[PDB]
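Notes follow the structure.
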Amino acid sequence: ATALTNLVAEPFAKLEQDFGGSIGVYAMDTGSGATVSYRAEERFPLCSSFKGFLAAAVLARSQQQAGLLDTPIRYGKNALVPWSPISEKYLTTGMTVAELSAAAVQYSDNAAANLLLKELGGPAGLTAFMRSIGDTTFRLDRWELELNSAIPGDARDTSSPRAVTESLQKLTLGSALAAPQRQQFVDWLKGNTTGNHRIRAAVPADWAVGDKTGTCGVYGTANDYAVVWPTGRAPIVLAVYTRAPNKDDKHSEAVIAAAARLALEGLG
Ligand SMILES: *C(=O)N1C[C@H](NOS(=O)(=O)O)CC[C@H]1C#N
Ligand SMILES: [Cl-]
């Protein structure tokens with residue numbers, strides 16, 4: 001007999017009632033292969049969460065371009081956009097590709113993400129990297145900040161929780177990348193600073209977590225994805241995405257953390 005997915009689903013539905021929108025969740029236990037899935041194939045806006053996959057695409061590029069990571073990108077004023085706290089600090093000097101990548105992942109630095117997008121040939125460059133690892137769902141169309149609009153019905157700049165999770169698993173645990181680059185991706189995720197009230201809030205403090213958040217700032221639209229390493233057990237890969245129908249519906253970190261908990265607890 002298979003899982004009773006109605007029973008697995010029930011507490012997510014309840015959560016989304018008080019939230020006033022939609023929650024998408026996919027979790028995969030890499031030990032057992034068990035999964036939790038709720039609206040896991042619906043599209044949700046990526047917001048800043050594309051920046052993790054961006055860093056991975058940069059790492060993929062570096063495999064073929066020795067020293068790309070230690071190459072400084074020296075930029076002007078036009079690179080800068082709000083929510084770019086690290087790239088703003090280094091305007092007068094520049095930042096290496098590695099530094100920009102760390103800033104994109106760990107501070108969700110907007111300007112740094114746009115600078116790296118330019119290196120890959122724009123949003124379409126990153127989408128093409130995702131297609132190269134078999135993600136047919138992911139689509140990044142625009143740049144920071146336009147990609148944050150999160151307008152109801154817009155398929156631009158979205159993916160599914162499931163596709164996010166499968167791609168995250170390929171890049172962090174599978175061999176999609178070479179082992180040094182894979183470790184570098186994990187290290188960047190592990191050092192994220194913006195995720196303490198989301199998936200990390202659901203995980204025992206002594207378990208290692210790498211994550212990337214997104215917060216569009218409208219339409220209740222926010223997210224997190226992560227790899228979790230329970231001590232002495234196979235890692236878990238999961239993604240939690242939200243949206244809501246009104247522009248002024250608040251997003252909620254508590255809801256994200258609650259959905260992560262339900263997902264993690266439901267794996268077996
Ligand atoms: C991305 O979604 N961002 C970047 C920035 N940081 O928030 S995040 O949730 O940590 O990713 C502010 C909100 C939004 C923008 N712009
Ligand atoms: Cl400029």
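Following the order of the structure tokens, chains are lettered A, B, ..., residues in each are numbered from 1, and ligands are numbered from 1.
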
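Every residue of range 198-267 of chain A with a DSSP assignment of strand (DSSP E or B), taken from the backbone, is listed as residues 208, 209, 210, 211, 212, 213, 214, 215, 222, 223, 224, 225, 226, 227, 228, 229, 236, 237, 238, 239, 240, 241, 242 and 243 of chain A.
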
How would the residues just chosen look if you wrote them out with N, CA, C and O atoms as a JSON list (two decimals), in the first residue's frame?
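selection.json, written as the output of this step:
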[["chain", "number", "residue", "atom", "x", "y", "z"],
["A", 208, "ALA", "N", 23.24, 20.38, 10.51],
["A", 208, "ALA", "CA", 23.72, 21.32, 9.48],
["A", 208, "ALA", "C", 22.61, 21.56, 8.45],
["A", 208, "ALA", "O", 21.90, 20.62, 8.08],
["A", 209, "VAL", "N", 22.46, 22.82, 8.05],
["A", 209, "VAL", "CA", 21.43, 23.26, 7.10],
["A", 209, "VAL", "C", 22.07, 24.26, 6.14],
["A", 209, "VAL", "O", 22.79, 25.17, 6.61],
["A", 210, "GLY", "N", 21.87, 24.06, 4.84],
["A", 210, "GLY", "CA", 22.22, 25.03, 3.82],
["A", 210, "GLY", "C", 20.92, 25.45, 3.16],
["A", 210, "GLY", "O", 20.08, 24.59, 2.88],
["A", 211, "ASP", "N", 20.72, 26.74, 2.95],
["A", 211, "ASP", "CA", 19.46, 27.22, 2.40],
["A", 211, "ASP", "C", 19.57, 28.48, 1.57],
["A", 211, "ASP", "O", 20.60, 29.16, 1.60],
["A", 212, "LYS", "N", 18.52, 28.78, 0.81],
["A", 212, "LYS", "CA", 18.41, 30.04, 0.13],
["A", 212, "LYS", "C", 16.98, 30.53, 0.21],
["A", 212, "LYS", "O", 16.07, 29.79, -0.15],
["A", 213, "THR", "N", 16.78, 31.76, 0.67],
["A", 213, "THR", "CA", 15.47, 32.36, 0.82],
["A", 213, "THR", "C", 15.09, 33.26, -0.38],
["A", 213, "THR", "O", 15.92, 33.62, -1.20],
["A", 214, "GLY", "N", 13.80, 33.63, -0.43],
["A", 214, "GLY", "CA", 13.26, 34.59, -1.36],
["A", 214, "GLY", "C", 12.07, 35.32, -0.71],
["A", 214, "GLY", "O", 11.26, 34.72, 0.01],
["A", 215, "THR", "N", 11.97, 36.61, -0.95],
["A", 215, "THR", "CA", 10.85, 37.39, -0.43],
["A", 215, "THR", "C", 10.49, 38.47, -1.44],
["A", 215, "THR", "O", 11.19, 39.45, -1.56],
["A", 222, "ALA", "N", 6.74, 34.37, -0.76],
["A", 222, "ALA", "CA", 8.05, 34.16, -0.11],
["A", 222, "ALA", "C", 8.37, 32.70, -0.08],
["A", 222, "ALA", "O", 7.47, 31.85, -0.26],
["A", 223, "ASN", "N", 9.64, 32.38, 0.12],
["A", 223, "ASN", "CA", 10.05, 31.00, 0.01],
["A", 223, "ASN", "C", 11.37, 30.66, 0.72],
["A", 223, "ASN", "O", 12.07, 31.53, 1.23],
["A", 224, "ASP", "N", 11.68, 29.38, 0.76],
["A", 224, "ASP", "CA", 12.96, 28.89, 1.23],
["A", 224, "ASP", "C", 13.16, 27.49, 0.64],
["A", 224, "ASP", "O", 12.20, 26.66, 0.60],
["A", 225, "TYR", "N", 14.39, 27.20, 0.26],
["A", 225, "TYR", "CA", 14.76, 25.78, 0.04],
["A", 225, "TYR", "C", 16.03, 25.44, 0.77],
["A", 225, "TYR", "O", 16.83, 26.33, 1.03],
["A", 226, "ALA", "N", 16.22, 24.15, 1.07],
["A", 226, "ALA", "CA", 17.33, 23.71, 1.92],
["A", 226, "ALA", "C", 17.74, 22.29, 1.71],
["A", 226, "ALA", "O", 16.95, 21.48, 1.24],
["A", 227, "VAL", "N", 18.99, 22.02, 2.11],
["A", 227, "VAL", "CA", 19.45, 20.69, 2.37],
["A", 227, "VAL", "C", 19.68, 20.65, 3.87],
["A", 227, "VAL", "O", 20.22, 21.58, 4.46],
["A", 228, "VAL", "N", 19.21, 19.57, 4.48],
["A", 228, "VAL", "CA", 19.37, 19.35, 5.91],
["A", 228, "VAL", "C", 20.20, 18.07, 6.10],
["A", 228, "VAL", "O", 19.91, 17.09, 5.43],
["A", 229, "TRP", "N", 21.20, 18.09, 6.98],
["A", 229, "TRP", "CA", 21.97, 16.86, 7.30],
["A", 229, "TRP", "C", 21.71, 16.48, 8.77],
["A", 229, "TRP", "O", 22.34, 17.04, 9.67],
["A", 236, "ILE", "N", 18.22, 15.38, 3.79],
["A", 236, "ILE", "CA", 16.88, 15.71, 3.31],
["A", 236, "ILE", "C", 17.01, 16.94, 2.44],
["A", 236, "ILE", "O", 17.76, 17.84, 2.77],
["A", 237, "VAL", "N", 16.31, 16.96, 1.31],
["A", 237, "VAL", "CA", 16.22, 18.13, 0.45],
["A", 237, "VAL", "C", 14.76, 18.55, 0.41],
["A", 237, "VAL", "O", 13.87, 17.72, 0.29],
["A", 238, "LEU", "N", 14.48, 19.84, 0.63],
["A", 238, "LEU", "CA", 13.10, 20.33, 0.62],
["A", 238, "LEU", "C", 12.97, 21.78, 0.20],
["A", 238, "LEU", "O", 13.93, 22.56, 0.23],
["A", 239, "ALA", "N", 11.74, 22.13, -0.20],
["A", 239, "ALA", "CA", 11.45, 23.48, -0.67],
["A", 239, "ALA", "C", 10.05, 23.88, -0.22],
["A", 239, "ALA", "O", 9.14, 23.06, -0.24],
["A", 240, "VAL", "N", 9.91, 25.10, 0.25],
["A", 240, "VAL", "CA", 8.61, 25.62, 0.70],
["A", 240, "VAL", "C", 8.41, 26.98, 0.04],
["A", 240, "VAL", "O", 9.24, 27.86, 0.25],
["A", 241, "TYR", "N", 7.33, 27.14, -0.74],
["A", 241, "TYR", "CA", 7.02, 28.35, -1.48],
["A", 241, "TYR", "C", 5.60, 28.78, -1.17],
["A", 241, "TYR", "O", 4.74, 27.91, -0.97],
["A", 242, "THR", "N", 5.37, 30.09, -1.04],
["A", 242, "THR", "CA", 4.06, 30.67, -0.83],
["A", 242, "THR", "C", 3.69, 31.74, -1.84],
["A", 242, "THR", "O", 4.53, 32.37, -2.50],
["A", 243, "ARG", "N", 2.38, 31.91, -1.97],
["A", 243, "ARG", "CA", 1.81, 33.06, -2.68],
["A", 243, "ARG", "C", 0.40, 33.27, -2.16],
["A", 243, "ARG", "O", -0.12, 32.41, -1.46]]

Item to check | 12 Å contact set for residue 135 in chain A, only C-alpha atoms, chain neighbours under 6 positions out, as a VMD selection string | outcome: chain A and resid 53 126 to 129 159 to 171

Please, which residues in chain A fall within 12 Å of ligand 2 when counting only C-alpha atoms and all ligand atoms, and what is the closest atom pair and distance in Å to one decimal for each, ordered by chain then residue number, as JSON lines?
{"residue": "A:74", "atom": "CA", "partner": "ligand 2", "partner_atom_place_in_ligand_line": "1 (Cl)", "distance": 9.9}
{"residue": "A:75", "atom": "CA", "partner": "ligand 2", "partner_atom_place_in_ligand_line": "1 (Cl)", "distance": 6.4}
{"residue": "A:76", "atom": "CA", "partner": "ligand 2", "partner_atom_place_in_ligand_line": "1 (Cl)", "distance": 3.7}
{"residue": "A:77", "atom": "CA", "partner": "ligand 2", "partner_atom_place_in_ligand_line": "1 (Cl)", "distance": 4.9}
{"residue": "A:78", "atom": "CA", "partner": "ligand 2", "partner_atom_place_in_ligand_line": "1 (Cl)", "distance": 4.1}
{"residue": "A:79", "atom": "CA", "partner": "ligand 2", "partner_atom_place_in_ligand_line": "1 (Cl)", "distance": 6.1}
{"residue": "A:80", "atom": "CA", "partner": "ligand 2", "partner_atom_place_in_ligand_line": "1 (Cl)", "distance": 8.6}
{"residue": "A:81", "atom": "CA", "partner": "ligand 2", "partner_atom_place_in_ligand_line": "1 (Cl)", "distance": 11.7}
{"residue": "A:91", "atom": "CA", "partner": "ligand 2", "partner_atom_place_in_ligand_line": "1 (Cl)", "distance": 10.5}
{"residue": "A:111", "atom": "CA", "partner": "ligand 2", "partner_atom_place_in_ligand_line": "1 (Cl)", "distance": 11.8}
{"residue": "A:115", "atom": "CA", "partner": "ligand 2", "partner_atom_place_in_ligand_line": "1 (Cl)", "distance": 11.4}

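The protein and nucleic acid residues lying at most 9 Å from residue 141 in chain A are residues 122, 123, 124, 127, 147, 156, 157 and 158 of chain A, with only C-alpha atoms considered and sequence neighbours fewer than 3 positions away removed.
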
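For the pair atom 7 (O, counted along the ligand's line) of ligand 1 and CA of residue 218 in chain A, the separation is 12.2 Å.
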
Next on the checklist: Can you work out which residues are within 10 Å of ligand 1, considering only C-alpha atoms and all ligand atoms, and then hand them over as a VMD selection string?
Outcome noted: chain A and resid 45 to 51 81 to 85 104 to 111 113 144 to 149 192 to 195 198 212 to 218 221 to 224 253
